[PDB]
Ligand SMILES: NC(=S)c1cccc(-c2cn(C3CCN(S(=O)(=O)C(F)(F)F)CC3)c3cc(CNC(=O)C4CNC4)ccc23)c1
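Presented as structure tokens, the chain that follows is alone, the form deposited without the ligand.
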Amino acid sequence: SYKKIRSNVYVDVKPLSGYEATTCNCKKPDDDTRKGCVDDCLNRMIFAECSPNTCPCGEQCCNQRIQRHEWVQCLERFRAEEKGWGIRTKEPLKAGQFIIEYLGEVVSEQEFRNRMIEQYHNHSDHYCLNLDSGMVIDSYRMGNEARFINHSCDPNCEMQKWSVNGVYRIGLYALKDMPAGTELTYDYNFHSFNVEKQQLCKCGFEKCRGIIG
């Protein structure tokens, strides 16, 4: 029962990273076929996508994934046993691959708290990641499919914080290759917000830490 958005909705804050990542220097290819910014390009080293208007690789680069909204067209929602809904791929996924950007209403730490008691009173799930400087990305009412990814103590994905054109945004990247049909997951510990609301983890894992978060 959420509203589908294609981009973050900035409520009362601004996640300005404060660092103008420019001149990624990594050289441009030669074949339209292949890509431009290998596993290098000085920018990707400080998790800062390249500003289109300067990247040596022109329109055919690969470190602007979050900007160009280059999400994977495979994710499929589905009923996860004792975890309600969940997301999974229909196409395999090499590791380190950009999977999708995590959207929502980016709000302050206090703006969220209020929502946490003023509206998310009688609520079961927890939809929001830590963004930066207390600012949070709330997705209880708005966001995309990522809001549907479950937690695992042995994640196959990691949420990463990148400076995009001067604004911190969060993308979901794979940690390990995955066979089609595999459910995407990430560790809510260093990413998801902090509310003493707790739940038993149906992670289904050997050394599972027992509790979410």
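Each residue number is its position in the shown sequence, starting from 1. Throughout, rigid core stands for the largest set of C-alpha atoms superposing within 1.5 Å between the two forms.
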Divergent stretch in 4 other deposited structures of this protein, 201-209 or 20-28 [C-alpha RMS, superposed by the core]: 20-28
Between 82-90 and 127-135, which one strays more from this form in 4 other deposited structures of this protein if you match the rigid core and compare Cα atoms? 127-135
10-18 versus 195-203 - which carries the larger mean C-alpha B factor in the record: 195-203
Residue range whose averaged C-alpha B-factor is higher in the record, 103-111 or 84-92: 84-92
Among the candidates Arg65, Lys28, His151, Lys176, give the one with the maximum CA B-factor reported in the record. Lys28
Given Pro155, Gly171, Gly36, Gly166, identify the residue with the highest C-alpha B factor in the PDB entry. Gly36
Would you mind checking where the Cα B-factor of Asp138 ranks among the modelled residues of its chain, as the lowest, middle or highest third? lowest
Against its chain's modelled residues, does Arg44's Cα B factor rank lowest, middle or highest third? highest
Among all modelled residues of this chain, ranked by Cα B factor, put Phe98 in the bottom, middle or top third, i.e. lowest, middle or highest. lowest
How does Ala180 rank on Cα B-factor within its chain, lowest, middle or highest third? middle
Is the Cα B-factor recorded for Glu70 in the lowest, middle or highest third of its chain? middle
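If you look for the form solved in complex with the ligand, you will not find it shown, but the lines that follow are about it.
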Would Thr23 count as touching the ligand in the deposited complex under a 4.5 Å heavy atom rule? no
Quick check on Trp162: any heavy atom within 4.5 Å of the ligand in the deposited complex? no
In the deposited complex, does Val106 come within 4.5 Å of the ligand, counting heavy atoms only? no
Residue-level contact is defined here as any heavy atom of the residue lying within 4.5 Å of the ligand in the deposited complex; does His126 satisfy this criterion? yes
Between 199-213 and the ligand in the deposited complex, list the residues on our side with a heavy atom within 4.5 Å. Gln199, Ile211, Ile212, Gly213
